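Novice: Chains as they are written, first to last, in the numbering used here: chain A, 1 to 106; chain B, 1001 to 1101; chain C, 2001 to 2106; chain D, 3001 to 3106.
Yeah, the Cβ is synthetic: ideal placement off N, Cα and C, and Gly gets one too.
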Amino acid sequence: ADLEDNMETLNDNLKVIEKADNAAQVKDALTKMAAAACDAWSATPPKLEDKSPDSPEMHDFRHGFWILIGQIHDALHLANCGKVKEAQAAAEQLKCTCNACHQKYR
Amino acid sequence: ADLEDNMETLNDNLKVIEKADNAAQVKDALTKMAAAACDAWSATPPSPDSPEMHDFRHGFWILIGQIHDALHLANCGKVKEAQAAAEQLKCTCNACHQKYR
Amino acid sequence: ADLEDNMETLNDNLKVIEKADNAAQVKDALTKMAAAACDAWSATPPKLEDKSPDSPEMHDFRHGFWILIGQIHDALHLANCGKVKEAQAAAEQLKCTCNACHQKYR
Amino acid sequence: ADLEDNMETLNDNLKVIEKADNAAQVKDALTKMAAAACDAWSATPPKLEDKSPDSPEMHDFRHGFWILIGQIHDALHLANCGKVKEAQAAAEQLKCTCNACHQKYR
Ligand code: HEC
Ligand code: HEC
Ligand code: HEC
Ligand code: HEC
Ligand code: NA
Ligand code: NA
């Protein structure tokens, strides 16, 4: 799907996690955030249409998602142990990874 | 060392990076920031296995990751790009300050 | 491609890096390993074919590749800066990631 | 602390995890390993005293601790979820990273 649709699925499910009641709701939100981030992996962003797939910048771009996928998995792991407090706070801490890619490429 | 001392090192060296002219200065400072962060990991700010303390420790884990990626750039001589990465660290410094400072 | 084929590629290109005499061999080999690790990420290994796609084991197994893809990219980045020796060394260090996965799921 | 000391901390605490019976022991042992690895990251080993701090050998030396820290972090993740057996098995798999650094630099 589109990068915007993935960025919407990321932004939406983050607020789902913030306002959730339990680990199942958190989990399925993280599972959807994960699938969306791995789907936006291939996208060329508007601000780098003048760079090739194997350029330094597109490696750095794709690496920003590698970081995000990893953190989602750490959070998701916390949800699967029934640690909802901690998972919710881990999800919160993604914000600076989201932010860091935007400060460079959004 | 003490928690104030780790924060000082982190703050001091973030400035050294801001005003640096070369990759060696920037490496040196990132390296010292990595050490202070891989140190401050195991302190308590004003239960150890509480949800708060995990998340306190987790903040330093995330910060260590970003310092290490900045080091990647500085080790590759990409000095400007390392300095921007270093500027973006503030988000994590701040986000933890908002919480538990 | 098949999981076995991804694994030959990984093993073959790892020995190419070991024996390389120039920067292009290491870079090219690291590029082919990155692609093969990415492709293999979604595969289901024989020993977990009767597990759910959302089992803890399939998350662990998927994560093992997340680790590997990360080290491959670290090494590739080093090679792209002319730190080819460091990249060859990094490639050798992959072996414990290869072994960690095999131990559990091969 | 001294490098030998950090190694002594790594070795003793690994043995503690192997023969543990609860999560608290495992978490605490891994925490001493992390701190030992952190502190050891900055050291210069006897065999690389005759090299530049920016040498491939020293870069690769530091990297071995980076890999090890990452594996300790994961083991710590399993231990926090009371997945004691799995954390003990992840701890065992650290020995590959130990051995790989020793074979080169010890
Ligand atoms: C790259 C490494 C990114 C990561 C990781 C995240 N985002 Fe993103 N985002 C990125 C780009 C390049 C863009 C621009 C999209 C475009 O087509 O111009 C975005 C955009 C967004 C948006 C706005 C989408 C829109 O329709 O205007 C949002 C709301 C957004 N991003 C949210 C978001 C969140 C919540 C993330 C992590 C939790 C995240 N992004 C990560 C690049 C990258
Ligand atoms: C937790 C996850 C933290 C991260 C990451 C960073 N900081 Fe920190 N910082 C933290 C706490 C709990 C406190 C309060 C400590 C106290 O006893 O007052 C601080 C404080 C500081 C300070 C002020 C220290 C003082 O003597 O008053 C500074 C200057 C500071 N922190 C800087 C800093 C920088 C530069 C960081 C990242 C680059 C950073 N901190 C991260 C907790 C955490
Ligand atoms: C999971 C997280 C894996 C990682 C990372 C690596 N390997 Fe792998 N490998 C894995 C599985 C499940 C299997 C069994 C495949 C099967 O269908 O039986 C393998 C197999 C191999 C093989 C042998 C293939 C065969 O003919 O039986 C080799 C040579 C191999 N793997 C090499 C290899 C290398 C070099 C890796 C990292 C550098 C590596 N593997 C990582 C699972 C995983
Ligand atoms: C480098 C990247 C290392 C990693 C990772 C590990 N070890 Fe280590 N170890 C390393 C060096 C260079 C040395 C030699 C130190 C010296 O002064 O000679 C060692 C030594 C040890 C020792 C011997 C202690 C002594 O008194 O000399 C032990 C017991 C030891 N190392 C244990 C150990 C363990 C358990 C690790 C993982 C579990 C490990 N090491 C990783 C370098 C590195
Ligand atoms: Na003071
Ligand atoms: Na089946």
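Closer than 7 Å, CB to CB, is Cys1038(B) near chain C or not?
Specialist: For this step, residue 1038(B) is matched to residue 38 along the second sequence. Judged by the 7 Å Cβ criterion, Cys1038(B) is not in contact with chain C.
Novice: Are three or more beta carbon pairs between the segment 2071-2079 of chain C and the segment 2020-2031 of chain C nearer than 8 Å?
Specialist: Segments in contact, yes.
Novice: Closer than 8 Å by C-beta to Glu3018(D): which residues in its own chain qualify, once you throw out the five before and the five after it? Chain order, please.
Specialist: Counting from one through the fourth sequence, the residue named residue 3018(D) turns up at place 18. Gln3088, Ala3091, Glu3092, listed in sequence order.
Novice: What do you get for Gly64(A), buried or exposed, if any count of 16 or more other CB atoms within 10 angstroms of its CB means buried?
Specialist: Along the first sequence, one-based indexing puts residue 64(A) at 64. Buried, because 16 or more other Cβ atoms sit within 10 Å of the Cβ of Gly64(A).
Novice: Going along chain A, which residues have a C-beta under 8 Å from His3077(D)?
Specialist: The residue given as residue 3077(D) occupies position 77 in the fourth sequence. Simply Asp74, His77.
Novice: Between the Cα of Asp1012(B) and those of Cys1096(B), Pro1051(B), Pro1045(B), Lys1090(B), spot the shortest distance and give me the residue it belongs to.
Specialist: Residue mapping note: residue 1012(B) aligns to position 12 of the second sequence, counting from 1. For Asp1012(B), the nearest C-alpha among the options comes from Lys1090(B).
Novice: For a contact defined as C-beta to C-beta under 7 Å, what are the partners of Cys81(A) on chain D?
Specialist: Taking the first sequence and counting its residues from 1, one reaches residue 81(A) at position 81. The contacting residues are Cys3081.
Novice: When the Cα of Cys3098(D) is compared with those of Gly3082(D), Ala3020(D), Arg3062(D), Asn3080(D), which residue comes out closest?
Specialist: Within the fourth sequence, numbered from 1, the residue matching residue 3098(D) stands at position 98. If we check each option's Cα against that of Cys3098(D), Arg3062(D) comes out closest.
Novice: Look at the Cβ atom of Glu86(A), then the Cβ atom of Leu78(A), and state whether they are nearer than 7 Å.
Specialist: By 1-based counting over the first sequence, the position of residue 86(A) is 86. By 1-based counting over the first sequence, the position of residue 78(A) is 78. Contact flag set, yes.
Novice: Any beta-carbon of chain B closer than 7 Å to the one on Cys98(A)?
Specialist: Sequence index remark: in the first sequence, residue 98(A) carries index 98 (1-based). So, not an interface residue.
Novice: Exposed or buried, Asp3060(D), counting other C-beta atoms within 10 Å across all chains shown (16 or more means buried)?
Specialist: Counting from one through the fourth sequence, the residue named residue 3060(D) turns up at place 60. Buried, since its Cβ has 16 or more Cβ neighbours within 10 Å.
Novice: Given the structure, does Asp2054(C) come close to ligand 6, in the sense that its CB is under 6 Å from one of the ligand's heavy atoms?
Specialist: As a first step, residue 2054(C) is located in the third sequence; it is residue number 54 there, counting from the start. No, the beta carbon of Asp2054(C) sits no closer than 6 Å to any heavy atom of ligand 6.
Novice: Name the chain B residues whose beta carbon is nearer than 7 Å to that of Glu86(A)?
Specialist: Counting from 1 along the first sequence, the entry for residue 86(A) is found at position 86. Under the 7 Å cutoff, chain B gives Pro1051, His1054, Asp1055.
Novice: Does any residue of chain B bring its CB to less than 7 Å from the CB of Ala3035(D)?
Specialist: Your numbering for residue 3035(D) matches position 35 in the fourth sequence. Yes, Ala3035(D) lies at the interface with chain B (some Cβ there is under 7 Å from its Cβ).
Novice: So is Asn1006(B) buried or exposed if we call it buried at 16+ other beta carbons inside 10 Å?
Specialist: Mapped onto the second sequence, residue 1006(B) falls at position 6. Buried, because 16 or more other Cβ atoms sit within 10 Å of the Cβ of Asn1006(B).
Novice: Is the closest heavy atom of ligand 2 to the C-beta of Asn1094(B) under 6 Å?
Specialist: In the second sequence, residue 1094(B) corresponds to position 94, counting from 1. Checking the Cβ of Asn1094(B) against ligand 2 gives no.
Novice: Is it true that the CB of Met3058(D) sits closer than 7 Å to the CB of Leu3068(D)?
Specialist: What you label residue 3068(D) is simply residue 68 of the fourth sequence in a count that begins at 1. What you label residue 3058(D) is simply residue 58 of the fourth sequence in a count that begins at 1. Cβ atoms of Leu3068(D) and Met3058(D): not closer than 7 Å.
Novice: Quick one: does the C-beta of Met7(A) sit closer than 6 Å to a heavy atom of ligand 3?
Specialist: Position 7 of the first sequence, counted from the start, is the residue given in the question as residue 7(A). No, the Cβ of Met7(A) stays beyond 6 Å of every heavy atom of ligand 3.
Novice: What does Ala2089(C) touch in chain D if you count any residue whose Cβ is under 7 Å from its own?
Specialist: Position 89 of the third sequence, counted from the first residue, corresponds to residue 2089(C). The answer, in chain order, is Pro3056, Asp3060.
Novice: Is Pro1046(B) near ligand 1, judged by its Cβ being under 6 Å from some heavy atom?
Specialist: Working through the second sequence from its first residue, we reach residue 1046(B) at position 46. No, the Cβ of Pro1046(B) stays beyond 6 Å of every heavy atom of ligand 1.
Novice: Following a CB-centred definition, is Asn13(A) positioned closer than 6 Å to any heavy atom of ligand 1?
Specialist: Indexing the first sequence from 1 puts residue 13(A) at position 13. False, no ligand heavy atom lies under 6 Å from that Cβ.
Novice: Does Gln2025(C) come within less than 7 Å of chain D when only Cβ atoms are used?
Specialist: Reading the third sequence from its first residue, position 25 is the one you call residue 2025(C). No, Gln2025(C) lies away from the interface with chain D (no Cβ there is under 7 Å from its Cβ).
Novice: Can you give the beta carbon distance from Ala2043(C) to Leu2003(C), rounded, assuming they're within the 8 Å contact cut?
Specialist: One-based indexing of the third sequence puts residue 2043(C) at position 43. One-based indexing of the third sequence puts residue 2003(C) at position 3. Between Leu2003(C) and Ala2043(C) the Cβ distance is about 4 Å, and since that is below 8 Å, they are a contact.
Novice: From what residue to what residue does the alpha helix (DSSP H) around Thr1031(B) run?
Specialist: The sequence position of residue 1031(B) within the second sequence is 31, counting from 1. Unbroken alpha helix (DSSP H) run through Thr1031(B): 1023-1040.
Novice: Taking Cβ positions, are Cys1076(B) and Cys2081(C) nearer each other than 7 Å?
Specialist: Counting from one through the second sequence, the residue named residue 1076(B) turns up at place 76. Counting from one through the third sequence, the residue named residue 2081(C) turns up at place 81. Yes, they are a contact pair.
Novice: If distances are taken between C-alpha atoms only, which option among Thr1009(B), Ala1020(B), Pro1048(B) comes closest to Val1079(B)?
Specialist: Taking the first residue of the second sequence as 1, we reach residue 1079(B) at position 79. That would be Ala1020(B), whose Cα lies nearest to the Cα of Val1079(B).
Novice: Cβ-heavy atom distance between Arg2106(C) and ligand 3 below 6 Å?
Specialist: For the purposes of this step, residue 2106(C) is identified with residue 106 of the third sequence, where counting begins at 1. Checking every heavy atom of ligand 3 against the Cβ of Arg2106(C), one is found closer than 6 Å.
Novice: Using 6 Å as the cut-off, classify the Cβ of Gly3070(D) as near or not near the heavy atoms of ligand 4, replying yes or no.
Specialist: As a working note, residue 3070(D) is residue 70 in the fourth sequence. Every heavy atom of ligand 4 is 6 Å or more from the Cβ of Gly3070(D), so no.
Novice: Are the CB atoms of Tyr1100(B) and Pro1051(B) within a distance shorter than 7 Å?
Specialist: The sequence position of residue 1051(B) within the second sequence is 51, counting from 1. The sequence position of residue 1100(B) within the second sequence is 100, counting from 1. For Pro1051(B) and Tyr1100(B), no; Cβs fall outside 7 Å.
Novice: Whose Cβ in chain D lies nearer than 7 Å to the Cβ of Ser1042(B)?
Specialist: By one-based count along the second sequence, residue 1042(B) stands at place 42. By Cβ distance, chain D contributes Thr3031, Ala3035.
Novice: Determine the DSSP secondary structure at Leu2094(C), reduced to helix, strand or coil.
Specialist: On the third sequence, position 94 is the one that residue 2094(C) refers to. Reduced to three states, the DSSP call for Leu2094(C) is coil.
Novice: Measuring straight from C-alpha to C-alpha, what distance separates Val3016(D) and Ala3023(D)?
Specialist: In the fourth sequence, the residue the question calls residue 3016(D) occupies position 16. In the fourth sequence, the residue the question calls residue 3023(D) occupies position 23. In a straight line, the C-alpha of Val3016(D) is about 12 Å away from that of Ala3023(D).
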